[PDB]
Amino acid sequence: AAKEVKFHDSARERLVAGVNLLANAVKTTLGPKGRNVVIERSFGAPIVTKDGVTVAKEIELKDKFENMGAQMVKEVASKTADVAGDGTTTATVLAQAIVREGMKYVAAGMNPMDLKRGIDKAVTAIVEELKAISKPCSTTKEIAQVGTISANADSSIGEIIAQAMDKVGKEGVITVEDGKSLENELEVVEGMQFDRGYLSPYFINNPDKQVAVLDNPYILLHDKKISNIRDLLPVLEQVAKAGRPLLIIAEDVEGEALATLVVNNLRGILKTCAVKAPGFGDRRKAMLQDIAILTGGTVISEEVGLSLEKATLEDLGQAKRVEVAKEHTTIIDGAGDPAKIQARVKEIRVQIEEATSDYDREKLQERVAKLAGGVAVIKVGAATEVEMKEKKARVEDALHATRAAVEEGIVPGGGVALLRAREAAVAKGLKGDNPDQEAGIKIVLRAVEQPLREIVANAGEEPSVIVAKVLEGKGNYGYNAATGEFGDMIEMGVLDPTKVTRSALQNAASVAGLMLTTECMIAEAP
Amino acid sequence: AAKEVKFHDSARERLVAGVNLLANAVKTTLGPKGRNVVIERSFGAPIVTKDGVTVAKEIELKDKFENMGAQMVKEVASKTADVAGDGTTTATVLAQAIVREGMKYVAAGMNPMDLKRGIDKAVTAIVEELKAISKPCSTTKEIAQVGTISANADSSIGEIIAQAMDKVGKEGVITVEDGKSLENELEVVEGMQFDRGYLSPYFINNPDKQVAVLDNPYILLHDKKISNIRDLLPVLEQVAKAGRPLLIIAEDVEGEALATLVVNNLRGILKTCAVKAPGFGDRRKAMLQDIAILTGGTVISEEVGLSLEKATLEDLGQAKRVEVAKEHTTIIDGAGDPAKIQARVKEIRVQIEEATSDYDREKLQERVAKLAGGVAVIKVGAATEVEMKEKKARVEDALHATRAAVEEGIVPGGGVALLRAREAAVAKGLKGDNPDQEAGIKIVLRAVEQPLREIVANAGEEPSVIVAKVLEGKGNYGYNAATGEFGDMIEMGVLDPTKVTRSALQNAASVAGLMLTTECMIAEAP
Amino acid sequence: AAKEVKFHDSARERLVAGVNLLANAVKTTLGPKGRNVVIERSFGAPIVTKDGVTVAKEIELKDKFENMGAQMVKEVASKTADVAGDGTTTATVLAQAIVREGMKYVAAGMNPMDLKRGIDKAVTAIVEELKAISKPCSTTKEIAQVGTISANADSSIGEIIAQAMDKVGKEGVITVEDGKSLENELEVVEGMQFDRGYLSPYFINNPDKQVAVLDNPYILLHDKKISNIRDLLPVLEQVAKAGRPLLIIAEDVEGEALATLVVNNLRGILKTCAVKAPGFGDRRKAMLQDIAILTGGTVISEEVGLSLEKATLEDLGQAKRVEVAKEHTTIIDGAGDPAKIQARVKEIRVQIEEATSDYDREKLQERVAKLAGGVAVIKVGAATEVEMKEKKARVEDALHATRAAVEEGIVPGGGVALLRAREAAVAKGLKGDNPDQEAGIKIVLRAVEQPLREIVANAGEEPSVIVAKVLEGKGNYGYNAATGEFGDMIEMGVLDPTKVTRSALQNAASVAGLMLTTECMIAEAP
C-alpha cells in the first residue's frame, strides 16, 4: 500500500509525542504511592491497575507515527522486564527523560551521533559504578532476606526460596505449583529447562502469566522438520482418544501443520503445544535423546528406524507438567526412571573427558547440570483458592527478584541507586571528547534522576528538594516514598536487584539513541 | 484497536460526570417517598420503577470515559447489594457525595493520597462507631420483629422466618418455594449450599431473581477437568432422552463443552447447568463424595474406576430442586437416604478428632454443619399466583434482611444511623496527621449525611433543616420520611441492618478513593 | 451606556486572568537578575526596561473584566510604591500568589469571608513579627551605610544623605538639585513642605519624576474658592508679561479657571500650577500666612482688605524653586527675610503655650517644625549632564530608601524577610477559629514565599531547593541572587526597608481580599 514518509524534526517530534504519551501513562504507576490507571475492558466494569506492565501493554496510539515510538519504547521496556522481572516502568521513564533532554540538544543543532556516543559513554560509566555500589547477596540468610523483602515481608516465602535455591543451585530451575496444605512445601523432581519458547502466542492458555501450561501431557520427539499435517495425524488422533494434552518437540513446525494445531488449540479440539528442539548441529540429537530418556519416550528419527506416521503413544514421553514461556520451556516430573537418568548422567560426565575443545566440555557440563539438577517445585500453601492466586503470584515475583538479586547483588531501590552511581562516576572523572559528547553526558546525568523524581512526585512531595537532600547524603541514605522518611534504604527493605536497574538504564539508553539518531520514518498512508 | 488516553483533571472530570449522572438517576428512587423512574423497554410499554437496583442496572452512558466511572460505581454498588441484600442505592449516593466533595479539594492542589488516607481513617472510625450504635437481634422475638418490619408489617412472614432460623441455625441455609395452601409452611430437607456459582450468565433462567433454577434434575459429579464435548455426550444424550434437567459438578468446564452447553441452554435443547466443584486440594474429593452421597450419586473418577464416557443415569445423583446463584449453589431434597447421611455425619464427626491442625478441624466442622444441617424450605402460601409472585419476593427480601440483621444487629434506618455514628466518632476524637488528612476526614463527615438529605429531598421537605433537627436529637431519634414525623426511628419500624450501612459506606469509600487517586484513563478511540 | 454583569466564578476568573496577566509581566523584572521587558513606543525604537514600575504602568488589557483586576492590583501596587519608594513589584507578586491560592479554596466551596479574615490574621501576625526581625537604623553611620547600599555602593551619596538627615532631622525635608561641581554638596534654605498635590495630572512637566517643577516662580495666595477665570486674569497677565512661572495657592480652583490654566500649560502660554491650600478651618489662614511670610508675599483676602482683581506682582510671593508632587508640594528658598521668619517662629513657639488642647499644641509644633526646619537641598555633583541625569535619580532613590529605612529599620532583603517573619509567627503560634480561617492562614503562609521563589526563578536556579535551604538557615542567612551564594544577607548589603515589605504585604492582602470576596462585576458592554 501507499507509504507516508516524514523526515528530520517532523518525524522526531512524532516519535517524541508517542514516547511522551506512553510514559505519561506509565509513570503514574511508579513508586510505592503510585496512582491508579483505569483501563477499559470490552465488557463489564473497567479494570483499575497501578502497575506499569499492564498500563504499557494496553497503550498504543491512533496516529501511526506516534505509535512507532510508543511501540519501540514498549518493546525495549518489555525486553528489560522479561530478563529481570521488573523495571519496565523504570525503563520507560528513563527513556522518556533521555529522549526529552536529547531533543533539546538536537534542536540546538548539535550532532546526534556524538550525542548517542556521549550517552553510551555515560551509561557505561554509570553501569560500571553500579557494579561497585551493589551489595552482593549469596548467603542463604541474604537470599531469604531478599525473598522476604520482595514478597512484602512474608518470611515463609523467603525461607522457601532460600531452601529451594541453596540445594538445587543458584543457577537451578525453580517453579511454583499450588500446594496441598496451609504451609508452603518444596521438592526436587526429575526435569530440565531449555531456552525454547512456543512458536505462536495462540499456544498460551494462562494470560495472567503469559505462559502455556499443560497438565500430564504426552511428549512428542522428532529430529526433522514438520510441515505436512498428515505426518502426525495418526499420532494426534491417538492422543485425542487418550484425552491427555500434547507437547511436540521437533526441529521446526510450520505451514498447514502449525495452522491446524493453532486452530485445534483455539477450538479446544486438542490441547497442543509445539516448540523447537533445543540446540543445533550434533547437539540437537543429544538434546532430544536426553529429553526422551527424561520423559521416558523415544526420539522419532529415520536414523533410529522410526517414522512419525506409525508412532504410537508408547513411543511418546510424558511428565506431570510442562510450562512453555516466551523464551524457555521446562519439564516437570518426567516419566524416566531415576536409574537410567543417573546412568546417562555418568555417561555424559565421562564423555566430558572426551571433549575435543573447551566449548565441547562446557556444553557437556551444561548437559550434566540440566539433567542431574532436576527441577525445584515450590508447593505454595495457603487457606483458600483466592489466597492461592495471590500467594502464587507473590511467590513467583519473589523468585524472579531473588534470581535477579543473586546474580548481581542488591542495590538501594527507589531510584537512589542511579543517583549514587552517577555521583560516583562523576567523582571518578567522566568527560567527552567533544562538546556534543559533553552534552550527551549531561543528558544521562540529568535523566538518571528521573525515576526518583517521579516516585517523589507520585508520593506528592516536591521532587527537587527531595532529590537535593538525597544527593546531600552518602551511601545507602535515600528517600522512602512509602513513609516519607530519610535513612538507609536497605535497612527499611526497599531494594532493587542490580540487574533490574542496569537493564532498565541500558535499554532506555539504547532506545533513546535509536530515536535520537532517527532521520526518516515510513508508515502506511491514511 | 486505537486507544485514547486522558490525564489528570481531564480524566477525573469525566469520571465525575459519569458517576454524577448515574447517581442523579439512582438517588431519585431513595427513601419511602422515592420518585418514579421510567425506563424504555425494547418492545411494549415502558417499565416504571422506584428501586435503585433496576435503575442502576440500565445505566450505560455513551461517552466511554463517563461510562468508566458509571460502571465502576455500579460494580461497587452491586458488591454492596449482593452481600447485604440492600443499600446499592445508598452506596451510589455516598460514593457520589464523597467524590463530589473530593474533587473540590483535588482541584485545590490538595494531596490525593492523603485525601484517600483521611477518607479511610474516617470510614474506619465511623464503622467502628456503628458497631456500638447497632442494636443486636438474636432472640426469636427479635428475629420475628425484624422479619415483619422488612416484610412491610406482615407478621406471618416474620414468624415463618423466625421458625426457620431458630431450628436450622442463624448460619443455616433457608430457601423459598411456592406453597400448596393459603398459610405459609416450612420444612427441613436433606441438602447443602456451597460457594460456587454458575460459570456463565447464560445458564440463568430467572432474570427476576438472577439465578438458575432446575426442577428435579440429574447431578453429575466429576473430579477432573472437562473441555472435550465428546467426554460427556453419551451421558447428556441419556439425560435428554430421560427429559429431566442436568446439573454438572466438575473441577472445571471450558472450551467446546461449555460452548455447547451454553448453546443447548439458549436453544432449549437441554436444561443444563455447570458449576465448579467446591473446595480445593484434598478437600475437593471430600466435597464431591459428600455431595454424591447426599444426592444418591457416585463420583466419576479414575481413582474409583469410573469414566464419564461410560457413565449412566444410575451413577448420577438427583434432587428435588437446585438453585444456582452467582456466588453459591444449593441443593434441595437430595436423593440420599437419611441413614447413610447420618452415618457419614458420624464418620466426619469422629474424623474431627483426627484433625492435624485447627484449620483441618474447622473445615471438618464446616463439613458436619453443611451436611447435617440440611436446608430449610419456606412454603410461601397465598391465594393466587399473582399474589404468589409478590409474596415470594417479599419473603425473600425479608429473609435477606433478617440474615443481614442477625449477623450484625439492627440500626436506626433512613440515614440517621450514619449521622449518629459520625457524631459519636467526632466526639470520640477524630483527627488527621496532615491538613490533607483533615480535609479527607471532613469529606467523609460531610458525605455520610447525604443519604438522609436525599431521602428528605425526595420526600419534598428541606434537607438542611431536617438534618439539623435530627442532629439536635440523640439516640434513635430521627426523621421518618413516610409520615414526616420525628421520633425514635426503631419504634416506627424503620430499620436497616448494620451490615447494609457498613458495606455501603465502605464500598463507597473504596470506589471514591479509586476515582480520586486516578491520574490516567485508557479507552477505545472513536 | 450598556452594562454587562458577571457573577460568582464567571467574574472571579476574569479578575484572576487580569491579575495573572499583569503579574506575569511584572514579576519578570524582579530580583538582581530580573529579565528585560520590551515595551512599544508610539514612534522610534522600543523601550526595554527591567523595573516593575514602568512595566506595570504600561499594562492594560483588552477585555474590560480582566482589566478590572489588572487596574485594582496596579492601584494597590502604586499605593505601596508611592509611600515606600519601592516594592510595587513585590506587592503585585504577593497579590498574585495570594489570589491564585485563594481561588483554589473558593472553588472548594470554602467561605470567602472567613478566608479574608484568616488572611488578615496571618498578615497581622507576620507584620507584627517584622517589627522584631527588623534591624533599626538611627546612627549617622547606619544612615550612611543604608544610603550607600541603596545607591549601589556609592559612599558619597550615603555620606551626603547622612549629612542632610542628621542636621535637618530624620523627619525633615530633603530635595535634590543639580550641583555646580564634581563633588556633591548640601545646604539648608528657607522652605516648607505641605501635603497638597497638583489638582490635575496635566500640571506635571517631568514625566520621569511624575512631578511638577517650576523655576523661580511667583506664589499666589488666596483663602477663597476660584472658579471664574476673570477673577485672576489681570494677575496672570502681569505674570505672563513678567515671564516667570506661576504657582497658585487657593482654597480650591475649578471650572473654567482650572480648564484655562490646563489649556495654558498644555499650549505653553504660561507655566502655571495650582494646589489646594494646606489645612482646614482656622488652620487654613495660619498656613496661608506662614507660606506668604516665607515666600515674601501677602495673602489675598477680604478680611485683610485685598482683592484678586487688583492684585499686583508685589503682593505675590516668590522662591527659587517649587516642586509639586501627587501628595505633597515643597517650596525651596522662599523670598522671606530670615529675621521675620525667626520672629514668626518665636511667635508660634509662644502661642504653643496658648494651646487649648493637645491637638492644638501638636499642630502648633508641626507649624514650628515645618517653618524653622527649612529645606535641605542636595547639590548632586558629577562630570557630565548624562551622568547628572543618572546620579540625580540614584540619589533620589537612595534618599527615599533611607527615609523609609530610618522610620522602621532595615530587614534582610531578597524575600528572606518574609520567610523569617513567617517562621517566627508560626513558632509564636498562629491559628484560625475555623477550618476556613485555617486555610486563609495557609494561603498567606504559602504566598509570602513567592517573592523569593520568583527572584530565584529569574536568577535561573530551582526555586524549591533554594527556599528550603533558606528556611533551614536562621537569622539573616539567605540567598543572594546577584552572586548565587548563601550567607548573611545584611553583610552583603542586600536590604529592604521594613516599610517597603510591610506595605507591600498589607496592600497585596487588601487587594486579594477585595478580589476574593467579589461576587458581582459591572462593566460597559461591547
# chains A, B, ... in the order shown; residues from 1 in each chain; ligands from 1
>>> closest_atom_pairs(of="chain C", to="chain A", cutoff="8 Å", atoms="only C-alpha atoms", output="Markdown table")
| residue | atom | partner | partner_atom | distance |
| --- | --- | --- | --- | --- |
| C:462 | CA | A:464 | CA | 7.7 |
| C:464 | CA | A:465 | CA | 6.2 |
| C:465 | CA | A:465 | CA | 4.8 |
| C:468 | CA | A:465 | CA | 7.1 |
>>> select_by_dssp(residues="segment 26-83 of chain A", states="strand (DSSP E)", output="PDB file with N, CA, C and O atoms, in the first residue's frame")
ATOM      1  N   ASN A  36      -3.540   5.294  40.476  1.00  0.00           N
ATOM      2  CA  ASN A  36      -4.292   4.294  39.737  1.00  0.00           C
ATOM      3  C   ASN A  36      -4.468   4.716  38.285  1.00  0.00           C
ATOM      4  O   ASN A  36      -4.525   5.906  37.962  1.00  0.00           O
ATOM      5  N   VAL A  37      -4.548   3.723  37.405  1.00  0.00           N
ATOM      6  CA  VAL A  37      -4.835   3.929  35.992  1.00  0.00           C
ATOM      7  C   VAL A  37      -6.000   3.031  35.616  1.00  0.00           C
ATOM      8  O   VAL A  37      -5.940   1.812  35.816  1.00  0.00           O
ATOM      9  N   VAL A  38      -7.055   3.627  35.069  1.00  0.00           N
ATOM     10  CA  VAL A  38      -8.283   2.918  34.738  1.00  0.00           C
ATOM     11  C   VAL A  38      -8.250   2.572  33.258  1.00  0.00           C
ATOM     12  O   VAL A  38      -8.074   3.455  32.411  1.00  0.00           O
ATOM     13  N   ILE A  39      -8.421   1.292  32.947  1.00  0.00           N
ATOM     14  CA  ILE A  39      -8.329   0.786  31.583  1.00  0.00           C
ATOM     15  C   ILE A  39      -9.668   0.174  31.199  1.00  0.00           C
ATOM     16  O   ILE A  39     -10.243  -0.604  31.970  1.00  0.00           O
ATOM     17  N   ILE A  47     -11.129  -2.106  34.388  1.00  0.00           N
ATOM     18  CA  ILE A  47     -10.083  -2.616  35.265  1.00  0.00           C
ATOM     19  C   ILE A  47      -9.186  -1.462  35.693  1.00  0.00           C
ATOM     20  O   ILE A  47      -8.755  -0.651  34.865  1.00  0.00           O
ATOM     21  N   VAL A  48      -8.922  -1.369  36.993  1.00  0.00           N
ATOM     22  CA  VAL A  48      -8.023  -0.363  37.548  1.00  0.00           C
ATOM     23  C   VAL A  48      -6.733  -1.055  37.964  1.00  0.00           C
ATOM     24  O   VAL A  48      -6.760  -2.117  38.599  1.00  0.00           O
ATOM     25  N   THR A  49      -5.603  -0.479  37.566  1.00  0.00           N
ATOM     26  CA  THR A  49      -4.293  -1.046  37.847  1.00  0.00           C
ATOM     27  C   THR A  49      -3.339   0.052  38.284  1.00  0.00           C
ATOM     28  O   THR A  49      -3.524   1.223  37.939  1.00  0.00           O
TER      29      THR A  49
END
>>> select_by_dssp(residues="segment 259-485 of chain C", states="helix (DSSP H, G or I)", output="ChimeraX atom specification")
/C:259-267,282-295,338-352,358-372,385-408,416-428,435-447,450-459,463-472
>>> atom_distance(atom1="atom CA of residue 155 of chain C", atom2="atom CA of residue 395 of chain C")
11.1 Å
>>> atom_distance(atom1="atom CA of residue 436 of chain C", atom2="atom CA of residue 111 of chain C")
6.3 Å
>>> residues_around(residues="residue 492 of chain B", least_positions_apart="4", cutoff="9 Å", atoms="only C-alpha atoms", output="list in words")
residues 480, 487 and 488 of chain B
>>> residues_around(residues="segment 17-29 of chain C", least_positions_apart="2", cutoff="10 Å", atoms="only C-alpha atoms", output="ChimeraX atom specification")
/C:11-15,31-37,49-74,88-97,99-100,451,454-455,457-458,512,515
>>> write_last_selection(atoms="C-alpha atoms", output="compact mmCIF listing (two decimals), in the first residue's frame")
# COMPACT_ATOMS: atom_id res chain seq x y z
CA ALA C 11 -16.34 37.13 37.24
CA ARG C 12 -13.74 36.00 39.77
CA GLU C 13 -11.99 34.08 36.99
CA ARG C 14 -11.83 37.24 34.86
CA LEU C 15 -10.32 39.10 37.82
CA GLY C 31 15.41 40.41 41.59
CA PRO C 32 19.00 41.38 40.83
CA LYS C 33 18.90 39.15 37.73
CA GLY C 34 15.49 40.32 36.54
CA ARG C 35 14.82 39.79 32.86
CA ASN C 36 14.13 42.50 30.30
CA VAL C 37 10.67 43.61 29.18
CA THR C 49 13.08 48.04 30.92
CA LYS C 50 13.82 45.73 33.85
CA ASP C 51 11.84 47.57 36.54
CA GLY C 52 8.32 46.72 37.65
CA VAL C 53 7.12 50.32 37.90
CA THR C 54 7.36 51.02 34.17
CA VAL C 55 6.12 47.59 33.05
CA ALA C 56 3.07 47.75 35.33
CA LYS C 57 2.20 51.30 34.24
CA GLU C 58 2.05 50.22 30.59
CA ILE C 59 -0.04 47.10 31.25
CA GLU C 60 -3.74 47.49 30.43
CA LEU C 61 -5.77 44.66 28.93
CA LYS C 62 -8.29 44.47 26.10
CA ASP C 63 -11.11 42.63 27.88
CA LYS C 64 -12.73 45.01 30.36
CA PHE C 65 -13.43 42.43 33.07
CA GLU C 66 -9.77 41.36 33.23
CA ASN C 67 -8.67 44.99 33.11
CA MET C 68 -10.71 45.48 36.28
CA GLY C 69 -8.46 43.25 38.37
CA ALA C 70 -5.39 44.47 36.50
CA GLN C 71 -6.10 48.10 37.40
CA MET C 72 -7.06 47.37 41.02
CA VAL C 73 -3.83 45.43 41.59
CA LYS C 74 -1.92 48.20 39.81
CA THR C 88 5.41 47.68 43.78
CA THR C 89 6.96 44.67 42.03
CA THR C 90 6.83 42.73 45.30
CA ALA C 91 3.26 43.84 46.06
CA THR C 92 1.96 42.65 42.68
CA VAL C 93 3.71 39.28 43.05
CA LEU C 94 2.35 38.79 46.56
CA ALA C 95 -1.16 39.73 45.42
CA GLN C 96 -0.94 37.26 42.54
CA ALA C 97 0.21 34.50 44.89
CA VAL C 99 -5.26 35.38 44.88
CA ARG C 100 -4.09 32.30 42.98
CA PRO C 451 8.94 36.90 46.15
CA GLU C 454 10.42 34.40 41.74
CA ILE C 455 13.75 36.12 42.47
CA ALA C 457 13.48 31.68 39.22
CA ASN C 458 14.56 34.85 37.40
CA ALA C 512 -6.52 39.91 47.45
CA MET C 515 -11.00 40.25 44.72
>>> residues_around(residues="segment 423-435 of chain A", least_positions_apart="6", cutoff="7 Å", atoms="only C-alpha atoms", output="JSON, numbers by chain")
{"A": [118, 125, 126, 129]}
>>> write_last_selection(atoms="C-alpha atoms", output="short mmCIF file (atom, residue, chain, number, x, y, z; two decimals), in the first residue's frame")
data_model
loop_
_atom_site.label_atom_id
_atom_site.label_comp_id
_atom_site.auth_asym_id
_atom_site.auth_seq_id
_atom_site.Cartn_x
_atom_site.Cartn_y
_atom_site.Cartn_z
CA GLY A 118 28.20 10.50 24.86
CA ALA A 125 30.38 4.61 33.34
CA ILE A 126 27.22 4.55 35.46
CA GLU A 129 29.80 2.20 39.04
#
>>> closest_residue(among="A:386, A:378, A:509, A:144", to="residue 184 of chain A", atoms="only C-alpha atoms")
A:378
>>> residues_around(residues="residue 407 of chain B", least_positions_apart="3", cutoff="12 Å", atoms="only C-alpha atoms", output="list in words")
residues 83, 84, 131, 134, 135, 136, 137, 138, 143, 169, 170, 171, 400, 401, 402, 403, 404, 410, 497, 498, 499 and 500 of chain B
>>> residues_around(residues="residue 189 of chain C", least_positions_apart="5", cutoff="8 Å", atoms="only C-alpha atoms", output="VMD selection string")
chain C and resid 332 to 334 374 to 377
